[PDB]
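Position one of the first sequence corresponds to residue 152 (PDB author numbering), numbered consecutively onward.
Ideal placement from N, C-alpha and C gives every residue a C-beta, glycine not left out.
The structure under discussion appears below in the form of structure tokens.
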Amino acid sequence: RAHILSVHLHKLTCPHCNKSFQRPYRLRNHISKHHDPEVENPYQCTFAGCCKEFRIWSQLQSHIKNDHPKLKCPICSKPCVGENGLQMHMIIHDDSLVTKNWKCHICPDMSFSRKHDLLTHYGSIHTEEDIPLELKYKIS
DNA sequence: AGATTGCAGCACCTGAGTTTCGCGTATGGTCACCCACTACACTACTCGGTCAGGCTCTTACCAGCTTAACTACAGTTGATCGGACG
Ligand SMILES: [Zn+2]
Ligand SMILES: [Zn+2]
Ligand SMILES: [Zn+2]
Ligand SMILES: [Zn+2]
């Protein structure tokens, strides 16, 4: 895989000056300046569904760090991008919309009908230690 | 009534119709081995983004002046706007 990407598919080289760069990111920045079109805003947001464009690389660095920070779900630690990403993923845990089933983390048999009732099993066969966070998190 | 002779009865070697058999030749059947394909979960090296380090370029200068434009003061006229008409 490395041989193909270093002897035949020269993807890390400039299309114009024939320098090369240690990551595609720096090649992109290089093309955006040293071989740039007459465009006023040489930088464009690299992320999903974002259409914004910028004059100086520092403003793009700021925009990525502000509006596309890479987060982990507070409950399930799965990664997501930006405020919308977190708010979209938080629906999955929501007990008002997602009228989910109720089970033990270990015991195969459980089949509760309400959240308060599920805490009886975790309060007796387990205890207040090693209950799952989605059950515990009365955060709203 | 004897010398010549046939009948036919005895016994033992022999022959086929009939049978049981052995094998060929070949066929369906047991079952043991090991192969091919598939696949859930995994191993591990690379690529990639991000960050620092610190060497690097390039700015534009102080008050004044002296080369260059605006940036406020200013006046009659627009035609959206309110709110009420059709
Ligand atoms: Zn180049
Ligand atoms: Zn963006
Ligand atoms: Zn979550
Ligand atoms: Zn249990």
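query	result
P230 - containing beta strand (DSSP E), residue span	230-232
Alpha carbon of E189 to alpha carbon of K216, nearest angstrom	27 Å
8 Å Cβ cutoff met for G236 and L222	yes
Distance cut-off 7 Å: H214 Cβ against heavy atoms of ligand 1	no
Residues near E204 in its chain [Cβ-Cβ closer than 6 Å; skip 5 each side]	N192, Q195
Cutoff 7 Å; reference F172; Cβ partners in own chain excluding five residues on either side	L163, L178, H181
Integer Cβ distance of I226 from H244, believed to fall under 8 Å	5 Å
Ordered list of alpha helix (DSSP H) runs contained in the region 172-231, each at least 4 residues	175-185, 208-218
Bounding residues of the alpha helix (DSSP H) (the contiguous stretch that carries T271)	266-273
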